[PDB]
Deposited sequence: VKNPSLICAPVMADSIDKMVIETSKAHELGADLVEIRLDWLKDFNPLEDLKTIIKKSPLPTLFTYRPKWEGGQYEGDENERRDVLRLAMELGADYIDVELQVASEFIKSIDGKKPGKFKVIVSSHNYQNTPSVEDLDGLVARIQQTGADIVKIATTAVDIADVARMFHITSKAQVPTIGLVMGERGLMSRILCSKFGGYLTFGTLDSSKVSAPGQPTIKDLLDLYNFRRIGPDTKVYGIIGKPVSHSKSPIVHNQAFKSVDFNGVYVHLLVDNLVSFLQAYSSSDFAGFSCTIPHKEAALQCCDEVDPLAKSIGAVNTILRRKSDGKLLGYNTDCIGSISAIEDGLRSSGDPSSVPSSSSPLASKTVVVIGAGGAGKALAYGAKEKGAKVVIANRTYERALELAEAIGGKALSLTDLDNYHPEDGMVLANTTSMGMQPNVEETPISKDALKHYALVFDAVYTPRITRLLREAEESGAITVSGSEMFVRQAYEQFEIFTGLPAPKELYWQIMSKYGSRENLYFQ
């Protein structure tokens, strides 16, 4: 619906002087406007302070004076709260946000008294879930019925599938609509506003100034997700997983997409149920997906067609939705990714029997013997007796035969479990090379103690980048820009302890 989405910065400093500085920071970061959350001011002298903000703000101002009954910090007299909003309007505010509950009354009190460049946003906040399209429409009509210039509906994501309903609302409602879904599971709704008609999205001045759950930073929206490039036709891709907030796939793919001018955007996809997810996002808009724990094997089953190597391995980490029939094709780039990294580093002990374990184990047999150690024995057992290998009780891993190579394919060691390692340091001696598929952190405890053991270490980054540029080729149909990916990872994927949520 209409213009690309604006980016609004929430201003919550508890002091007016601090808010003035934040509005300047908002402009520096690239925001289009700022939402002044008046309910967060410790001391507030309405007439004097509003004037100061409107006068000093380098960006258009949106004033909100959120009450405790609507999830804000304001308590006290309702008429006084409204007086402030009317005051903001008559002092030159670009917008004010008024709760649907009192919208009609408010709008009637300023009828014929609204300045020229002024818009009233009427908002509704749902903290429990995301209602049906039926209920959402009723909500939109009610808000429009108040006389609102702009409709704002904030819901909560119980499941990622919920977002699709909000996109349908912003995409089809014939009235300026700010539609967002709160929570990590609703993050995608804050990122794709420009593709689906959203009037604006909120981005934080920094990762610690959140006014609502799931809000990304302005810097990430603009530089990580390439917000300004997202349009009605951009194809959407994403990393399916749980957890998924540590994934750096959105970093590399968005950089690569931008570099080669491919019209696509890549986001994080926190998926609880793979089947419901795929069904909720089956349109052509969603062209491809990357899969990590714990949806690699399930992805194999969900794919209409499966590549020989994938079907052979028993796990899929790459899903491509073919334009033709529109079906799902499954591929596996983990095998070549990890195996290649290991050979480059140069009997294989594979920790973990999940999709990554299958892929690595499989690839390995295709070239010495391989033992599959896994806590859940049944899993390691099934795998072991598939690639013609031996299983092993995880507890017995600390003992073993020398010059062997160790390959962890489990999440052990991944942030925030930075002091966790799948094997005792004293047992690393029996290994020549140690590989860790975990790449966040780059240097896990396993790899660190492995190096202190004189063994050669192959970081997860080596495998991650490799499997990533192969996915780029699958998603785009363009030659894998290998050198580019290494450069992107090095320049944009080196910070640790990052969580996108």
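Numbered from the first deposited residue, the unresolved ranges run 347-365, 387, 421-422.
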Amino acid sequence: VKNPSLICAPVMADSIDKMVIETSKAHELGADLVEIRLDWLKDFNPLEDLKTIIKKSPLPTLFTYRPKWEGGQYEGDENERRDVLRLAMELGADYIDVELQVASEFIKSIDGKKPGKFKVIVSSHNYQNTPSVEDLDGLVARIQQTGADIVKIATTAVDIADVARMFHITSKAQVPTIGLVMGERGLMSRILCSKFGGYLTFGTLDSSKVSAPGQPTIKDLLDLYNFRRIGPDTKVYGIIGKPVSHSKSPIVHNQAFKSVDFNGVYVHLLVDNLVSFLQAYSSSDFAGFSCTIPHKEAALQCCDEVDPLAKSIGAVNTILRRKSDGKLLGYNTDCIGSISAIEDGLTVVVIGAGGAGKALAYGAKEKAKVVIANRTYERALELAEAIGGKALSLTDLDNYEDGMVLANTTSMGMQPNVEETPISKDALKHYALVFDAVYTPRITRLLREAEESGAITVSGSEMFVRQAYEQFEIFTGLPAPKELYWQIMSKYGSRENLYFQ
From here on, numbers count along this sequence of modelled residues.
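For the pair 58-66 and 451-459, the record assigns the higher mean C-alpha temperature factor to 451-459. The stretch with the higher mean CA B factor, choosing between 316-324 and 189-197, is 316-324. You'll see in the entry that, of 169, 339, 161, 256, the Cα B factor peaks at 339.
Highest C-alpha temperature factor among 88, 291, 120, 391, as the PDB entry reports it: 391. In the PDB entry, a CA B factor belonging to the highest third of its chain's modelled residues is recorded for residue 42. The entry lists a Cα temperature factor for residue 276 that places it in the highest third of the chain's modelled residues. Among all modelled residues in this chain, the alpha-carbon of residue 203 has a temperature factor (C-alpha) in the lowest third. In the deposited entry, the Cα temperature factor of residue 412 sits in the middle third of values across the chain's modelled residues. Annotation for residue 235: CA B-factor lies in the lowest third of the chain's modelled residues.
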